[PDB]
Amino acid sequence: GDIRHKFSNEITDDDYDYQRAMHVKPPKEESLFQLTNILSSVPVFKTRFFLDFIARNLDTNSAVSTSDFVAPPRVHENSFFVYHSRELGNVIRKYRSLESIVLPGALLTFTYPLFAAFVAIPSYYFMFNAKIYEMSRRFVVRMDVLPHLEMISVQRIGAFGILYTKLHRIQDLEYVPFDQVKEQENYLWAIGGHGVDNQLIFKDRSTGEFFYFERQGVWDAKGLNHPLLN
Amino acid sequence: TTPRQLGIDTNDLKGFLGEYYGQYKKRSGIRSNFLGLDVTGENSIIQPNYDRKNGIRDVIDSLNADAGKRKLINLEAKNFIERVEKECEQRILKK
Amino acid sequence: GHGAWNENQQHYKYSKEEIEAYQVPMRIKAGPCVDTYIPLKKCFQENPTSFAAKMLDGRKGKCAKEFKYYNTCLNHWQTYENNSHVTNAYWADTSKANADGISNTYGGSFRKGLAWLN
Amino acid sequence: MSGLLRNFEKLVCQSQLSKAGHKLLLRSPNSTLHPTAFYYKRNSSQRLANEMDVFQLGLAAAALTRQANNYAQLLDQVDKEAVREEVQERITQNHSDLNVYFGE
Amino acid sequence: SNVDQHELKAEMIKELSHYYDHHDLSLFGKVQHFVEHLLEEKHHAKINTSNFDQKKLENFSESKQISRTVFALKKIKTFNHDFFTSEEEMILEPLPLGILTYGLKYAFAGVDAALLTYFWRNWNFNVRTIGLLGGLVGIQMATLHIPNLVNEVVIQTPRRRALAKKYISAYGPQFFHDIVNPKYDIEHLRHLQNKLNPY
Amino acid sequence: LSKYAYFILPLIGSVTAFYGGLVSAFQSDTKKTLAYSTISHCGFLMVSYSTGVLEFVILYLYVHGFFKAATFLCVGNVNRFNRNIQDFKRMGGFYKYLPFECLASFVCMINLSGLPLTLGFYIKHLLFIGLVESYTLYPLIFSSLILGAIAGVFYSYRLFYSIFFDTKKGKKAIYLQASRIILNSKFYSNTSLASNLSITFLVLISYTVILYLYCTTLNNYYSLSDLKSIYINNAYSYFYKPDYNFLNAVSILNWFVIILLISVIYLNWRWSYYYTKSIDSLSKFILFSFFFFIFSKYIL
Amino acid sequence: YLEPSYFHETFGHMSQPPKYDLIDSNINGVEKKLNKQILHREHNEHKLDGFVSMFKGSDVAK
Ligand SMILES: CCCCCCCCCCCCCCCCCC(=O)OC[C@H](COP(=O)([O-])OCC[N+](C)(C)C)OC(=O)CCCCCCCCCCCCCCCCC
Ligand SMILES: CCCCCCCCCCCCCCCCCC(=O)OC[C@H](COP(=O)([O-])OCC[N+](C)(C)C)OC(=O)CCCCCCCCCCCCCCCCC
Ligand SMILES: CCCCCCCCCCCCCCCCCC(=O)OC[C@H](COP(=O)([O-])OCC[N+](C)(C)C)OC(=O)CCCCCCCCCCCCCCCCC
Ligand SMILES: CCCCCCCCCCCCCCCCCC(=O)OC[C@H](COP(=O)([O-])OCC[N+](C)(C)C)OC(=O)CCCCCCCCCCCCCCCCC
Ligand SMILES: CCCCCCCCCCCCCCCCCC(=O)OC[C@H](COP(=O)([O-])OCC[N+](C)(C)C)OC(=O)CCCCCCCCCCCCCCCCC
Ligand SMILES: CCCCCCCCCCCCCCCCCC(=O)OC[C@H](COP(=O)(O)OCCN)OC(=O)CCCCCCCCCCCCCCCCC
Ligand SMILES: CCCCCCCCCCCCCCCC(=O)OC[C@H](COP(=O)(O)O)OC(=O)CCCCCCCCCCCCCCC
């Protein structure tokens, strides 16, 4: 289908190579100034000092997951875990941790803390509260079941990243269809509800508190099949 | 926020502001005809009204008042600096 | 030397005919810096320069001797026009300004924004 | 996980978590794994039986009994009578609450 | 007899510094400003110059003479601003900093900010990391001075020496030696006029 | 010397600015968006004339005309490629098919819509410098002006992103007819070489002329020709020697624009594989900005 | 680079990289000390003179 070879003055892949920065193509050759080429050529990086620095001073392999099955430490000696959040929980934790550094730092650094607060207030109330904060408040970091109490312990991220666990009776749990809450909280689901599952929302009737479960969260087959939850 | 200092330049009072009042002071539009005809101003559909105080008069008066206020502020600042200098000189002398 | 900010190096006041000759825009003619502006314009006319050079030169190159006087006069003119020398003092210390009123006329109505409560 | 000029010897390896029955207990801040005081209502607008369940009443009764026993030990180990009056009043209140809850 | 100008100016400074020498600072900025004012240099209204008399001009080896003439030119410029032309003023001033210096400073700031962000996010705070941060900040602060020193020692220095030689030829060593001597009348220095300036 | 002009020009100008800006921001068609942006800029021009700095009015007129023309040409090329469909709801992934148009539109839009560190920021800055405060309806005038000024960001972002870098929403034929390998050649292009050269030269000349006007007017040495007007507004005082009050007041609008930019950038309206990583990137940006400011101001 | 006004009015004046001349290093000893003190006094007096001149010169233009 290509007829570029029929003309001697036609453009060539050698001419198109400059588009590899703006265009994704599999590698063809390594330039002299690439990081890989520089590291493999310069003998300094081959030094055992640099090699040991790379080996030690960086992300460790211990924290790297090694299996598709995860058994987190039991919250209680008699409880068994059911659900756990991997990435969104960590992201929310880090985001809420900013309240322990930016806020005191902002107070002690900004020339006009009142101006900063006046700017932040409407920012929080529009496009931020429903965006992240309410979703985090209703987010379930981890869920375990205590059979002796016939209860469920739910872990949540609080202000400044503090983690707190609360107990809810299984008899007080109900399923809230997304249709009953979409109109009430359209904005929340509009801008911040993407991370959590829309159709798997539960709430505690006694306390009227919701439970949002991450879409990319790990569930335990045994926990789901346990007779207490069925 | 607080209101800003805006108005006609204090160095150009003789001009846009000056001519506006100068016209009403001159009242040149109701002078006698050069040929001696009994006709004069106020005898046409478009006629002068030099006893009028509406229209842009309010805006001109506001601009003039603002310019005067700014000049007064500058004069008060000058008096303040002179007084501070005099007080410092007196304190130095009385030691 | 030792002249006021409105006077120029030569202490020469230009007449109306001279202003018309070295025609000055009404924007400048309204202010008090005509005497310091005219020498700068004459220097620029004698040594024309590109707009890029004017923008990129912080000392106006050749026409620096007159530009010093012109800049001083312009600073004084704008400061007195906007009453910024008093407004900045009140902003820096409203309480002290009221204690020893720099200008009661401005002090009685000045009110810094609640956001700027340094 | 990530660090610079740091050693992660004390870190729990993911191999143990992947393994089942690893015998690991989690201690986290602000963890309340006991429902005591959840259903303890000092003043009830109606009968406690109507509003609460046998489980809740039993939890409240056990908590009250433990507190009353501890205050009885306080009475036993305390000498001054004036200080003992507060302990006696607290014990009486706990006994009344326990009696009503157990009757329900 | 008459009120001393230096004493009057010192009193006026004490009275009016709050207006023309005050900015808006945060709590940390105010604390730093307080520390600086504690470890400041007092505004000596009067300086006793009757103890150091002079040094004989013959002592210098005609290079210290040029350096002292450079200092005299700086003093003249500081006291009266109409003495020197635009080019001479530019020569006497420190050479303005450039894109290289500014980009180096902001790259240092960026790397430091990235390191702090990483440390906070991973909770990687310890003695070694704190020491590394301190050392890196100190090295960056020391390096930020290097461009200015290089400029002053390479470009400005020969130009200032040439200007000093020109002015020595114009006036004579004893004039700038007298100016260098602190007993020189500051009012006379202010009212001094430059032969080499067309004005 | 017109009382009616004094009362009518600022109010109508500000109302038109707000209306046009918001309608353009909410608009979905390229030509309609440009038309409503033109209405908003006409309102801003009226407000500037009410302020009474003819130099500022001329600068605003020049900037708006040049960059509006350039953006109109770019969107015309986009529409011609999209087969006369001017709505960008059927436009997606056009960055590769119209490479020149993408970057030209980026530059033209950042200049047109008043954005920080752009040639079009100074016109709005001078307008707000010269805005008068003796108006009886000053509250409404100022609020409308602020809303209209901020509205530029939304329409610029929507137009640029939806036209070029959004998911492919157009008909399959539009992409397939041009993606055929047979078309691969040194002459391949979805636009005209003459069109590209004309747009490039227009942008260059507009930049040069705007710089010339800025040097003529806003420089310390005023070198503009006589305007044949004897009315002096004193607005240049706040451009030459601004006070702390106004310097901090402008920061309010600057930070409003900053927050709106952050919203249009980091706000998610649809589920994506990058939701969590986007939140993480927002956190990283916030913390890094804080630390960078700390080091720049205090630690050096 | 050449128009940092936006940065100044949006983030404030950041710390400026060092900029100074080594002319004072030419002289040494009591001479250097006295000259440095005189220069510092002159700088302070110049700032005060500028402030007072700005305040006083309001009536220069008649
Ligand atoms: C009109 C009234 C106006 C009022 C305005 C009020 C403004 C001021 C608001 C103050 C907010 C105070 C926030 C406290 C944050 C801690 C909360 C808490 O207990 O959380 C524990 C949390 C969580 O504790 P944890 O127990 O869950 O776990 C410990 C930490 N991890 C999770 C990592 C294991 O811990 C922290 O976040 C510790 C933070 C320590 C550092 C705090 C200060 C940092 C900023 C210093 C100043 C700025 C930088 C200076 C740099 C100088 C360089 C030379
Ligand atoms: C006193 C009560 C507590 C107040 C807490 C502080 C507000 C809430 C937390 C704000 C965190 C974000 C700080 C970003 C600082 C950026 C640098 C800066 O200008 O700091 C000094 C300035 C203030 O320092 P300043 O007061 O010395 O500045 C001089 C005064 N101005 C600027 C007005 C001329 O910071 C701000 O202006 C911050 C305003 C409040 C922001 C509120 C949240 C909206 C932004 C979302 C986060 C991402 C913002 C990214 C910005 C990137 C750059 C445009
Ligand atoms: C209360 C404090 C005083 C200030 C009062 C005013 C409050 C703020 C009012 C902001 C109104 C902004 C309206 C923008 C409309 C844009 C419409 C558009 O093009 O489509 C949406 C486009 C997106 O278009 P899109 O094409 O990407 O997708 C559209 C998707 N649908 C149709 C489903 C919605 O942009 C946005 O989504 C952004 C707008 C929403 C977020 C607004 C955040 C406001 C933050 C305010 C910060 C205030 C700081 C403090 C100081 C303020 C005063 C100085
Ligand atoms: C086949 C030929 C095709 C046409 C070729 C035309 C080429 C034009 C190239 C330059 C165009 C863009 C110029 C820069 C943008 C405008 C800048 C501006 O406003 O001016 C600032 C400056 C003005 O000067 P200044 O801004 O540097 O300041 C002057 C300083 N004072 C005031 C003190 C004197 O102008 C320019 O730089 C523009 C160039 C000068 C004017 C040239 C006009 C005569 C042209 C002669 C060639 C004729 C060719 C005929 C071909 C016929 C074909 C049929
Ligand atoms: C790398 C890709 C991602 C980058 C995205 C952008 C990140 C923005 C983060 C903002 C955080 C909040 C504000 C804190 C910093 C405020 C800086 C400021 O106001 O300085 C203006 C300053 C004000 O300086 P000034 O006021 O002293 O005077 C400038 C004028 N002259 C030169 C005549 C003295 O303007 C500058 O000169 C800025 C630096 C220009 C040169 C930079 C070269 C590259 C440096 C390395 C890259 C740095 C990237 C980070 C962003 C840099 C922005 C300039
Ligand atoms: C005995 C031996 C002693 C040896 C002593 C010396 C040792 C070497 C010291 C220097 C080198 C340190 C090691 C190299 C890696 C440093 C990485 C770093 O600084 O953090 C990157 C961090 C990544 O994000 P993070 O949230 O931390 O995710 C963790 C992923 N593992 O980044 C972030 O958090 C994001 C920050 C950026 C946010 C958006 C802005 C983008 C631009 C940032 C540029 C920063 C880099 C510098 C350039 C500045 C100018 C642009
Ligand atoms: C005058 C106030 C000025 C601003 C003060 C900011 C304080 C920040 C620290 C707050 C610490 C306590 C948090 C409590 C959370 C909770 O569970 O709060 C829960 C409660 C209850 O909410 P409900 O009534 O809806 O259930 O929150 C409230 O009642 C409202 C308080 C909101 C606090 C928001 C804190 C984040 C601010 C973000 C600003 C914009 C973004 C800035 C950049 C990242």
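Residues numbered from 1 in each chain as written, not as in the entry; some residues may be left out. Chains lettered and ligands numbered in written order. Part of a larger assembly, values for the part shown. Heavy atoms only, no water.

For this entry, the PDB record names cryo-EM as the structure determination method and reports a resolution of 2.9 Å.

Describe the overall build of chain C, naming the residues involved and giving the relevant values.
If you tally the helices and strands in chain C, you get eight helices and zero strands. Sequence-ordered secondary structure for chain C, helices as α and strands as β, is α-α-α-α-α-α-α-α. Scaling as 2.2 N^0.38, a compact globule of 118 residues should have a C-alpha radius of gyration of about 13 Å, whereas chain C reaches 19 Å, well beyond that. For chain C, the spread of C-alpha atoms along the principal axes amounts to about 50 × 35 × 30 Å. For chain C, with 118 residues in total, the buried portion stands at 53%. Long-range pairs, those at least 24 residues apart, make up 47% of the contacts in chain C between residues at least 6 apart in sequence. Carbon and sulfur atoms make up 52% of the accessible area of chain C, which totals about 5,600 Å². Across chain C, the mean location of the 15 positive side-chain charges is 6 Å away from that of the 11 negative side-chain charges. (Helix = DSSP H or I, 4+ residues; strand = E, 2+ residues; numbered from the N terminus. Rg over C-alpha atoms; globule rule 2.2 N^0.38 Å. Buried < 20%, exposed > 50% of the residue type's maximum accessible area, 1.4 Å probe, protein only. Contact = heavy atoms within 4.5 Å. Areas by Shrake-Rupley, 256 points an atom, 1.4 Å probe, with all protein chains shown as cover. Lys, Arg positive; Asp, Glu negative; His and termini not counted. Charge placed at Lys NZ, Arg CZ, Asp CG, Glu CD.)

So what's going on with the site of ligand 1? Residues and values would help.
Taken together, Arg93(A), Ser100(A), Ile101(A), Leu103(A), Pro104(A), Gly105(A), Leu107(A), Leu108(A), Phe160(A), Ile162(A) and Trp123(E) make up all the residues around ligand 1. Residue neighbours of ligand 1 fall on chains A and E, so the site bridges chains. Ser100(A) places a polar side-chain atom, nitrogen or oxygen, 3.0 Å from an oxygen atom of ligand 1. About the coverage of ligand 1: the protein hides 41% of its 1,300 Å² of free accessible area. In terms of residue count, helix α5 (residues 102–109) of chain A provides more of the shell around ligand 1 than any other element does, five residues in total. Its residues assigned to classes, the shell around ligand 1 shows eight nonpolar, two polar and one charged. (Near = heavy atom within 4 Å. Polar contact = N/O pair within 3.5 Å; in protein donor to acceptor, adjacent residues only side chain to side chain. Nonpolar A, V, L, I, M, F, W, Y, C, P; charged D, E, K, R; others polar.)

Talk me through the interface of chain G and chain E; I want residue IDs and the actual numbers.
When the parts of a complex come together, some accessible area is lost, and that lost area is often taken as the interface size. At the junction of the two partners, chain G supplies 33 residues and chain E supplies 48 residues. The largest per-residue losses of area from chain G upon contact with chain E belong to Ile23(G), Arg41(G) and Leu48(G), which jointly make up 16% of the total buried on that side. For the pair chain G and chain E, the interface holds four salt bridges. With its nearest N and O atoms 3.6 Å apart, the salt bridge here joins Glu45(G) to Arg190(E). Counting across the chain G and chain E interface gives 11 residue pairs in polar contact. When grouped by side-chain class, the residues that make up the side of chain G that touches chain E number 15 nonpolar, nine polar and nine charged. (Buried area = accessible area lost by both parts, 1.4 Å probe. Salt bridge = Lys/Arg side-chain N within 4 Å of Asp/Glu carboxyl O.)

Give a description of the nonpolar core that names residues and reports values.
One finds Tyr70(C), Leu145(F) and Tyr214(F) to be the most contacted residues of the largest nonpolar core, which totals 70 residues. Those residues in contact with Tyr70(C) that sit more than four places away from it in its chain are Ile28(C), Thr36(C), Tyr37(C), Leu40(C), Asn220(F), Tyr221(F) and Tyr222(F). Ranked by size, the runner-up nonpolar core spans 60 residues in total, among them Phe80(A), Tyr133(A), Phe178(A) and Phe290(F). (Core = buried A, V, L, I, M, F, W, Y, C linked by side-chain atoms within 4.5 Å.)

Break down the arrangement of the chains for me, with residues and values.
Ranking the 15 pairs of chains in contact by number of contacts places chains E and G first. Spatially, chain B is disjoint from chain D: no contact exists, and the shortest C-alpha separation is 45 Å. For the non-touching pair chain A and chain G, the nearest C-alpha separation works out to 9 Å.

Break down the site of ligand 5 for me, citing the residues and quoting the values.
Neighbouring residues of ligand 5: 13 residues in total, closest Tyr102(E), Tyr106(E), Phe7(G), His8(G) and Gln16(G). Residues lining ligand 5 come from chains E, F and G. Here an oxygen atom of ligand 5 and a side-chain polar atom of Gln16(G) are 2.5 Å apart. Coverage of ligand 5 by the protein amounts to 58% of the 1,200 Å² it exposes when considered alone. Mapped by element, the contributors of at least two residues to the shell around ligand 5 are α5 (99–122) of chain E, α11 (275–299) of chain F together with α1 (5–11) of chain G. For the shell around ligand 5, the element with the highest residue contribution is α5(E), accounting for four residues. When the residues that make up the shell around ligand 5 are grouped by side-chain class, the tally is nine nonpolar, four polar and no charged.

Pulling in residues and values, what's your account of the state of the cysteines?
In protein chemistry, a disulfide is the covalent bond that joins the sulfur atoms of two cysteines. Residue and element names in this part refer to chain C. The tally for this structure, following the rule as stated, stands at two disulfides over all chains. The side chain of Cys 33 participates in a disulfide bridge whose partner is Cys 73; the two sulfur atoms lie 2.0 Å from each other. Between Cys 33 and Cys 73, the S-S torsion sits near -95°, and that sign places the bridge as left-handed. Note that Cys 33 is positioned in the loop between α2 (26–30) and α3 (34–46) and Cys 73 in helix α5 (residues 65–82), a separation of 40 residues in sequence. (Disulfide = S-S within 2.5 Å.)

Lay out the pattern of salt bridges with the relevant residues and their values.
Counted by the stated rule, this structure contains 41 salt bridges over all chains. Across the salt bridge formed by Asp17(A) and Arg20(A), the nearest N and O atoms sit 4.0 Å from each other. Linking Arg270(F) and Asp166(F) is a salt bridge whose minimum nitrogen-to-oxygen distance equals 3.3 Å. You can see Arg270(F) sitting in the loop between α10 (244–266) and α11 and its partner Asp166(F) sitting in the loop between α6 (138–165) and α7 (172–179), a full 104 residues away along the chain. Residue classification places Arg270(F) among the partly exposed positions, given a relative accessible area of 41%. One continuous salt-bridge network, built from bridges that share partners, spans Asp14(A), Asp17(A), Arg20(A) and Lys28(A).

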